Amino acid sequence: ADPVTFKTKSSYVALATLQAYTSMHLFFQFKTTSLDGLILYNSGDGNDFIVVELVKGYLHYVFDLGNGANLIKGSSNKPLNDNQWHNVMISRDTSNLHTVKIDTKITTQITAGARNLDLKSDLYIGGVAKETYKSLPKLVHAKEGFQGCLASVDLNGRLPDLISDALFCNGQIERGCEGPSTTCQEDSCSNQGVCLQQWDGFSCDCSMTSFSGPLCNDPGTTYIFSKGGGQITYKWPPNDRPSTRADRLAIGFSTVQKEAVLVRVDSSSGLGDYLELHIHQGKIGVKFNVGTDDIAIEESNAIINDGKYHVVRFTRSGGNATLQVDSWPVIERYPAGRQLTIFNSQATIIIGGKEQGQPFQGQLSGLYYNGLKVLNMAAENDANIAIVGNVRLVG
């Protein structure tokens, strides 16, 4: 009923104070693509307040009845920012039993030692003034407003028109639900990029593509390795050495060599764990160790030392691994022999193969490893990057 669109997070409306003194019943429907946003705020005397907000895609109901801030997490199997309509029901009875109903799932919670809820400010819907965020209750996570569609707002036998009954409107607000008209299709992002739906369009996660730009169509950061060999080393701050159950690696390359090491991830001294991306007999492959036997996975059918650009993508889950060159079928490997799951205490990323006795010659582009765009960081002179030998940035 009467959908209204908040086109930006910063947009909100202010209605007359919600009266929820001895009991409360709120209902509304929402539709959004964003993970975070303040949907509803009303404060009162002393520390009294209510808040409804999305946090990481989940509906949170935060409140203070006068004896301390409390949080109820609405129950859902999925995050709710899926561009689908969701029903939200929030009630409080006279004994202070709260109920939160998100679609079909019910969550209940009682507050002991509380009396009544004394709300006094206007009721803010969609967000608040930008300078209000800094004096929000500590338990409230929102630093920005809600973006999306609200409909059927029921404040307990009070059915306001969010536009006509508003005492104040801020920013871009319309009647109707103006959802995204350009939605994520299979070919929205190039080069196997992951399409992420936004409110006014889409963006692309290019992490595993070796490419950059808004559509994963632009060349990634590139270095060239020439005569004599070179090396780019990333060393983790000794305290921030990660240990992982799952690894993700992507890089683009061009070369004519039939033997070389491109990337090696090593654990610190006295530990045997490592991850190695290499070319053997003109075929790209990965060898790794997470505590027992070496595990090898190879694309044995694609000859990749033709001097043409290629993309390689590697995933590890415990002992399990996948490898894919370009658009060839994905290679899967499930270990022979017994295995552990953690890649312990990762200390260095060595790019160029010189120290491993297999120097790389050619170009490397858009290296990504567990959140780290390593070649980008080298280009931006990160303090944990060391570059030696015959290596240069393709500017």
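For every residue, the number given is its place in the sequence shown, counted from 1.
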Higher mean Cα B-factor in the deposited model: 254 to 262 or 101 to 109? 101 to 109
Which of 88 to 96 and 132 to 140 has higher mean CA B factor, as the PDB entry lists it: 132 to 140
Of the residues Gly282, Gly145, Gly285, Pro79, the one carrying the largest Cα B-factor as recorded: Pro79
For the listed residues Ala20, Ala383, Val13, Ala16, which one has the largest C-alpha B-factor as given in the deposited model? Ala383
What third of the chain, by the recorded C-alpha B-factor, contains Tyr223? middle
Please say which third, lowest, middle or highest, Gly126 falls into when its CA temperature factor is compared across its chain. lowest
Looking at the C-alpha B-factor of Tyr334, is it in the lowest, middle or highest third of its chain? highest
Relative to the other modelled residues of the same chain, rank the CA B-factor of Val55 and answer lowest, middle or highest third. middle
Of the three thirds of its chain by CA temperature factor, lowest, middle or highest, which one includes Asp326? lowest
